[PDB]
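Shown below, as structure tokens, is a lone chain in the form solved without the named molecule; questions about how it binds or moves come after it.
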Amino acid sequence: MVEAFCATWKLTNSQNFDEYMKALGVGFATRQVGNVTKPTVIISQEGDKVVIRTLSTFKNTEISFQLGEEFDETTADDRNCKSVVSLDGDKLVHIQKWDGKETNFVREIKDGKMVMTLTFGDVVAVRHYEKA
């Protein structure tokens, strides 16, 4: 359930994130920062909402949503999206739509770590976080 994700998480390892950022339209200079930054992600429940707060030396973001309910999201890379997060089995699936495009992030708990799999088209990146 959602409670399994409710913790403070710190990024430890990213796989193929440069190509993923490039596919999304992030420029070279910003990709260099994105490839070294290791954010902290705080996930919590507040009433009927789930809150995901990302803290980093690049940008800080926060989204608050109800599962299954579409919301407006302005992403850290400055895309204005329509987003929907659902709990599919034991995984949180976040679908972001903008400018006729779509990307998705799947968050799962695997062996006690949070694993985030990001897909845009045929480009897949994987980000691994440890509980702090």
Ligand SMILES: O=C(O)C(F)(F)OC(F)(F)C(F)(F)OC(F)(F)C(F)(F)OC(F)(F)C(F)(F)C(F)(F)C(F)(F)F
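Each residue number is its position in the shown sequence, starting from 1. We call the rigid core whatever largest set of C-alpha positions still superposes within 1.5 Å between the two forms.
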Fitting on the rigid core only, I'd like to know which of the two stretches, 28-36 or 86-94, ends up farther away in Cα terms in 7 other deposited structures of this protein. 28-36
Per the PDB record, is the mean Cα temperature factor higher over 28-36 or over 67-75? 28-36
With respect to the recorded C-alpha B factors, which stretch has the higher mean value, 119-127 or 17-25? 17-25
For residue 59, the third of its chain into which the C-alpha B factor falls: highest
With respect to C-alpha B-factor, does residue 104 fall in the lowest, middle or highest third of the chain as deposited? lowest
Comparing residue 80 with the other modelled residues of its chain, is its CA B-factor in the lowest, middle or highest third? highest
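One more form of this protein should be noted, the form solved in complex with the named molecule, which is absent from this view; the next part is about it.
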Residue-level contact is defined here as any heavy atom of the residue lying within 4.5 Å of the named molecule in the deposited bound form; does residue 41 satisfy this criterion? yes
Taking the shortest heavy atom distance, is residue 86 within 4.5 Å of the named molecule in the deposited bound form? no
Taking heavy atoms and a 4.5 Å cut-off, does residue 69 contact the named molecule in the deposited bound form? no
When the contact criterion is heavy atoms within 4.5 Å, does residue 26 count as touching the named molecule in the deposited bound form? yes
